[PDB]
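A.B. asks: Experimental coordinates follow, after the sequence.
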Amino acid sequence: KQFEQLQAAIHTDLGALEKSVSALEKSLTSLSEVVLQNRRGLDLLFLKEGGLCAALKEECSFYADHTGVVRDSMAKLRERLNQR
Amino acid sequence: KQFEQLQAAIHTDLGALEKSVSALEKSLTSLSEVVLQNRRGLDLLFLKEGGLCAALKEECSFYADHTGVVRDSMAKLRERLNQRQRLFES
Amino acid sequence: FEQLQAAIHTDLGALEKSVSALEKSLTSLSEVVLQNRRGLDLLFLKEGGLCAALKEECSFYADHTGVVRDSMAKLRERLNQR
Ligand SMILES: [Cl-]
């Protein structure tokens, strides 16, 4: 009744959320390749000083990439959203 | 019944996920502006070598931005949440 | 019906953890980026930094991830309760 309408709508909304999370993941992973190429550029420019972090006398930041979790999780979600 | 409580809970949880997806979108878009300005900086620094990617001798990485889909879908989702809570309250 | 609510539950849990994973990753990347930035500010120090040398308004990171952290934490709580 009103029940079915709501259940259908939730299904739709979960799929929209899956899609947005997956879109964010590709965007984030793409950007990360830009960022790491930038880093390689800076280690080149700072070659005589030991590289970027050595030049800054800072602890070196690395990209801790947790997006495998996202891809595996969202793929499982898409598979289950074939239940209605 | 218990069903009413659960309408309420799901509305809450979807709204929370919507808000969180949007916050992340805004943060990622903002970060990308920093990143691309960094890139222009490196392209200037390596201007004589034909740019960053040329100097690195690398295929050039570009930001595949899908955040437009995200901004659209989440606006739609807020609209739906609001419309459903409005009808329910009616 | 219990089967339905279980399916929704699992789906919401998957989304929560995925959002949280993205959050950890974005926050980590952002540190790499900011450090890159500090690097470019040193390379352009006499010209007033990167932005001045590009003749541009400066981009800064508007970090909204605290909202994501707080909000997902509560979602995990409400999900675990049920
Ligand atoms: Cl960067």
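C.D. replies: Arrived safely. Numbers count the residues shown, from 1 in each chain, chains lettered A, B, ... in the order given.

A.B. asks: for chain A, which residue is closest to the average position?
C.D. replies: Nearest to the mean C-alpha position of chain A, by C-alpha atoms, centre = their mean, lies residue A:25 at 3.1 Å.

A.B. asks: now it, nearest residue through space, not along the chain?
C.D. replies: residue A:70 (4.7 Å; C-beta to C-beta, 6 or more residues apart in numbering or on different chains). (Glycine included, C-beta is placed from N, CA and C.)

A.B. asks: give the contact list for that neighbour.
C.D. replies: Residues near residue A:70 by C-beta atoms under 8 Å, 6 or more residues apart in numbering or on different chains: A:21-22, A:25, C:18, C:21-22, C:25.

A.B. asks: could those be laid out in CSV, adding secondary structure?
C.D. replies: As requested, these are exported to CSV (DSSP: H, G, I helix; E, B strand; the rest coil):
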residue, secondary structure
A:21, helix
A:22, helix
A:25, helix
C:18, helix
C:21, helix
C:22, helix
C:25, helix
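
A.B. asks: Pull the most distant pair out of those.
C.D. replies: Spatial extent of these (C-beta to C-beta) is set by the pair A:22 and C:25 at 13.8 Å.

A.B. asks: Can you tell me which residues in chain A are near the ion?
C.D. replies: With C-beta under 5 Å from the ion as the criterion, chain A meets the ion at residues A:35, A:38.

A.B. asks: need the residues of chain A near chain C, please.
C.D. replies: Counting by C-beta under 8 Å from any C-beta of the partner chain, chain A comes close to chain C at A:7, A:10, A:14, A:17-18, A:21, A:24-25, A:28, A:31-32, A:35-36, A:38-39, A:42, A:45-46, A:52-53, A:55-56, A:58, A:60-67, A:69-70, A:73-74, A:76-77, A:80-81, A:83.

A.B. asks: Swap in 7 Å and give it another go.
C.D. replies: A:10, A:14, A:17, A:21, A:24-25, A:28, A:32, A:35, A:38-39, A:42, A:45, A:52, A:55-56, A:58, A:61-67, A:69-70, A:73-74, A:76-77, A:80, A:83 (C-beta under 7 Å from any C-beta of the partner chain).

A.B. asks: Narrow those residues to those that are buried.
C.D. replies: In the residues of chain A next to chain C, burial by neighbour count holds for A:10, A:14, A:17, A:21, A:24-25, A:28, A:32, A:35, A:38-39, A:42, A:45, A:52, A:55-56, A:61, A:63, A:65-67, A:69-70, A:73-74, A:77, counting by 16 or more other C-beta atoms under 10 Å in any protein chain shown.

A.B. asks: returning to what we had before: these two touch, right, the residue nearest to the centre of chain A and residue A:67?
C.D. replies: Yes - the criterion here is C-beta atoms under 7 Å, and residue A:25 meets it with residue A:67 at 5.4 Å.
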